[PDB]
Amino acid sequence: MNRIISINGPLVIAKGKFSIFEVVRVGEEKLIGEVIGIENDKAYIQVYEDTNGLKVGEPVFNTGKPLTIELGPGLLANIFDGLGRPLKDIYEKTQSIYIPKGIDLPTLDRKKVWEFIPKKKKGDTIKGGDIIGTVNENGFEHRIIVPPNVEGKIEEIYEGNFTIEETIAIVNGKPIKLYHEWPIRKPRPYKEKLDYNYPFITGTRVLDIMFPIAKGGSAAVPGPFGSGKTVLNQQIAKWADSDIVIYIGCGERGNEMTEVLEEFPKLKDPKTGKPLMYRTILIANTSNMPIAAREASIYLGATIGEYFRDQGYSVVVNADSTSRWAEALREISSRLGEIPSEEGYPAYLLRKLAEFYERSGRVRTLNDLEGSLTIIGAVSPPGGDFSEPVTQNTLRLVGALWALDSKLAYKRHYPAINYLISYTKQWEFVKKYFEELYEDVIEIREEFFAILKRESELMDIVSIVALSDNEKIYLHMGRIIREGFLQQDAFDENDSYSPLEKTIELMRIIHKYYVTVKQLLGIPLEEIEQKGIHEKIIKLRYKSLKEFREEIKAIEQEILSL
Amino acid sequence: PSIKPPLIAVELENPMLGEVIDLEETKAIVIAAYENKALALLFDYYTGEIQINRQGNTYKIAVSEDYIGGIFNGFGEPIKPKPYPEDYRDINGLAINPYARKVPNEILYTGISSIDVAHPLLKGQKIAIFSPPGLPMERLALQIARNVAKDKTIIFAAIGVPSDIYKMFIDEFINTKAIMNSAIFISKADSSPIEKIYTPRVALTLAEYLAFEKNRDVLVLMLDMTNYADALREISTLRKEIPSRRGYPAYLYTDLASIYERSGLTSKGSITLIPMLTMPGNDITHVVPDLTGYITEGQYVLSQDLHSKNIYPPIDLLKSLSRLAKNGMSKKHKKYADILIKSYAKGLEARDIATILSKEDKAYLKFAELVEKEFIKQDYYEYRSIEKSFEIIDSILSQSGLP
Amino acid sequence: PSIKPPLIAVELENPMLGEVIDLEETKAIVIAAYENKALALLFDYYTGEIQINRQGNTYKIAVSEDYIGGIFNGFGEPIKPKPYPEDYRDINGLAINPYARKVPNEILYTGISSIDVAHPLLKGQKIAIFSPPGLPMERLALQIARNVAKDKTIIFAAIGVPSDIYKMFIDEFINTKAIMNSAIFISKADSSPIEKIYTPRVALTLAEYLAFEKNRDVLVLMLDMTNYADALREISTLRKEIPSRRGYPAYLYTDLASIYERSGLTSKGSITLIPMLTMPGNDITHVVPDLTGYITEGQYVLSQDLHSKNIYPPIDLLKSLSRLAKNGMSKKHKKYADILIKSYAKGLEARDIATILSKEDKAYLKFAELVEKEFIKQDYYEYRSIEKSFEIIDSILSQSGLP
């Protein structure tokens, strides 16, 4: 009965009875789509696939349900798309390197045999979000949580080896599997919203000290190309203090997604010793892939992130980049024939962005546990102009700014975090951690900011020549902070990851160096730098582990100006 | 029957502008009207078919003191006991007669030297807070309300703010035990635009009732105004009309004026309003903070430079403004404001120069140097008297080289 | 039946998006489709009435190795023997699975010191060449293809280029005897926009066939991308939709991404793509080179300042980029890239200053002075080894005052 009447890019207008946000199958090729608008007898539908070749005499099938995703064991160490389809199985079912249109395969492996170990017993009353048991997913304790809607006592409950489609327990005349469907546009419910308590360790010496956030917080990494939005976020996907890491390659390079598949199983977690891939879930909808699936990819990883959050773990989601998602919204809203807003974007840009950034939050799960979803969004402003809708709207939703400056990226100062405009509105929530476990860090943090501040002030003065010795000291210490603390080679074997033990010691060794130079201001700085002690501090970050400890107690001996 | 949330099309027999139409499990506001056709904005989210229940009225809220001590949303709907209904009133209110008005002349001391001395706040005066993204603007509001609303009702309207923003206000009210002396209206970030525009309209409808009818002094804080203009632009886009600069509607000024003007001083009570907005891209000439400055009786501009110097509050003394300030400042108080500003302006002028001067410009440079470190810089939990603020100025002057 | 070349209107019983319709002496592409109405773009020029012959397919080209050694247009039509037909394929192709991909790790040495050392080119890597109008960008491409495609197939797509541009490529292929090891697709300047957009689409459709199906390494060069975006904007204008910045369509990024992403490295073969575009007004933040930089894995920015100093290639070492460069650079190779860039960046920094310094900044200034004259400057017919490039750097360092 249903039939297409208009085809316009990713937008397809059909003629028939439809409900809003309903999954459909476009054409005789059955293309997965979603109804977004209704015009009387017609319905506006977006297609998550190619529409180049579709006829007007093609039908559109119904489903009756919304866009969902299989939430269970089989997501770890695997790469999926915007619709949550295995890029591994597609390559194996088709024996081709290309991605066909209209290939509908289940997300999780159906033939995989898991070992379900229950935690509840027969006759026990179960609610929603409760942990019925745990499943060892490659070294991970995947706590199987029941859907938030079910309720009652356990009639039957099993144990041992099962597949993802088998029943592990039956509650109230209804079987319970290891997976459950959930609308990706419908956020997962939580008990209550908790307050910030623990900071979010990233492994980078600038996102942990200068501009750190709390667990369950939100951030933004904007900037032009060549800055390092992908490289920095992957480092966050490498060495984050998190149980579950999610990286959403939204409309970017396919090689940047392949990079994750190649370099992660090789590296090891600085907390478990297990490969990074076991705690990593990939969502891949590249720039050449369907633009409508960019939005779905965002709602997908956010939902899966909330799934492991409801289990009671630490979840981090890296969306790179949100500017492609905003472009997708721009494209769809343009095809619908709606009035454009600022810079061509739709008027409800801030609202749609709020449907993603608000999912973040350290909350109380439905089973009285402490979950945490930290969201890091990447923005790609045209020409490195932060004064743009996508950036400016995100700035009024996040808790911190991790801006990437062009001038720093120009002289190869990576990471090019602009330590002037960048900020953090969650410092007063995380200042308790560092102060308790390391007394003198806020003492030096202000000092580091002060040195970097006046150096920027003196930098407008350097365009003339011929300065006071009390002014030349900041130009000296500023070089030490930048190269020996702010700079962090992401490709160096021992500088890629930096534990707080290494980071704080760098804050201590510079502070110990600063209090020495200020005392010698009675000898010229030229003689102080003649010893070459400052150059020895710069080489510290490139040192391994045991060698780094030994140079610290070697500089301290050179510190002695007696 | 066109359905694309939150905007819908509906056939109605002679509709009404701003008419409320009850649906199955939600409501809607008729924003457009031509013949028997109309467009409506949903309160939240809807899905299925549309039995329509036309009320025949605009959105009216009940007026009482039940709101004082409870948390609500953009519609005034109870989130925490439903308020007594309760004399329904138009949330848009009416235009206050300037003949019945009274120019504010009573200064409300904040305890902040960077405010009380130069650009003090008066009771009933409307004044905004301009702030670059990421700067402690929320703390600046909480610190003010802590000290100027000890004997007043604190009505707070949250406009499109994240859960980290409004709960920063809520928790502060609980810790300071001012939660029961306050009324909070919260419109979430992903909430409907119709909810993000009614929020400051229902908060002031209550404010007008408490202050000008129940005879009280009411302090009203709102945030974020940038989100409010974003919400209004969203509706202006949906309602097929011609946009303007940055897609914003032409009636942006009047709409923002239909909020700020809903405050002042009467012989019965007063409404002290402090709007807050993050300047997009740290630009004061942006379409939102500019028109705001054309309405508000002054503003508090925050400084990234001072913020980078770890200075709280990072208020720019020379950019900040208070028009009705001199209406409460005495002959002695006016002296300090002139001495401070003029020497600080000549100090910063001597900061750009003498870099790459004489003994005269050496003192002014030291003055502005000691002002930012001692006078402007203040602890978040520190209260100062106007005399204490004078003691600081008199001390700085005696160190710079000035009289 | 509306006729205004090259855009036409036509009544078709249930049309198809991208459908090819044979006319009397030409063809057309159905770009629009609503009910029984459709808009089409002609391949060339037409005049008279319109018997329509609907194929029912998108524009499909035959895939073979007949193209290797022949000159074609934007449609793949023979200009020089018609290719064997030949397994027709969709010119748009398909999205390559990133799981099946392989991150390039094999550097293709160009023989150019300003490239090989700092930002080298890898096999399968996509990298663009940004150039101000009138600068030898074409020679930069011909010099690269001369040295990195000695054992590879050189597919060249000409996009809206004058007769002086593509014949500069053709004559070079004949003189270097690489004409039979190449495939050329040329869309003229005054050619139809439908031809100027299919040109890089049919060139890569062949590239995907040769590399990922016939197991080969293919180097693909294209120019001009600025004309391609101009051609796409032309169609976006004809098809009544809402434009954006500078009249360009909103889907500019994705469309440019539907070309650059059609390249990489597989276990069977590889596609080395080098797009080229003249930055309008010498602005890298222009709508065309900006989005290109957001897709391409690095770029080679040309310098007018160096060009005025008679320096070839006029490549800006500090502006140029190669993301996957460090994936092939050894521990020794990485050292030179750091030493070069950092000292050259500190050298130019010492060039702006010390004009109107110390012995330290005297050496770096001399370094950047000797880099542009000896290291960057290279004859068009000069090939250098990576060791020879090291010999230059080591020599410059030993003259500046550096170690």
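To match Swiss-Prot, the residue numbers of chain A are left as they are there, and the shown ones run 1-465, 469-525, 527-566.
How was it done? The header gives X-ray crystallography, 3.0 Å.
Here the Cβ of each residue, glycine as well, is placed from N, Cα and C on the backbone.
What Swiss-Prot annotates here:
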BINDING   A:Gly223, A:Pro224, A:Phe225, A:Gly226, A:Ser227, A:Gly228, A:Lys229, A:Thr230  ATP binding site
A:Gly228 (ATP binding site) - helix vs strand vs coil (DSSP): coil
Cβ packing number for A:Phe225 (ATP binding site), 10 Å threshold: 26
Binding-site residues listed as A:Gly223, A:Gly228, least Cβ neighbours within 10 Å: A:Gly228
Non-site residues, in chain order, whose CB comes within 8 A of the mean position of the CB atoms of A:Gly223, A:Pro224, A:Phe225, A:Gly226, A:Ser227, A:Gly228, A:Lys229, A:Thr230 at ATP: A:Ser380, A:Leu404, A:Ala409, A:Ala416
Per-residue Cβ crowding (10 Å cut-off), top of binding-site residues A:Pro224, A:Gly226: A:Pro224
Residues that sit under 8 angstroms from A:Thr230 (ATP binding site) by C-beta distance, when 6+ apart in the chain: A:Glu252, A:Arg253, A:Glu256, A:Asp320, A:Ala378
Binding-site residues in contact range of chain C, given that the Cβ distance is under 8 Å, out of A:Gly223, A:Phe225, A:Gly226, A:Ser227, A:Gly228, A:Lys229: A:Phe225, A:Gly226
Residues near A:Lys229 (ATP binding site) in space but at least six apart in sequence (CB under 8 A): A:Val221, A:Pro222, A:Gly223, A:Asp320, A:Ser321, A:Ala378, A:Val379, A:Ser380, A:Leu404
A:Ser227 (ATP binding site) CB neighbourhood, other CB atoms within 10 A: 24
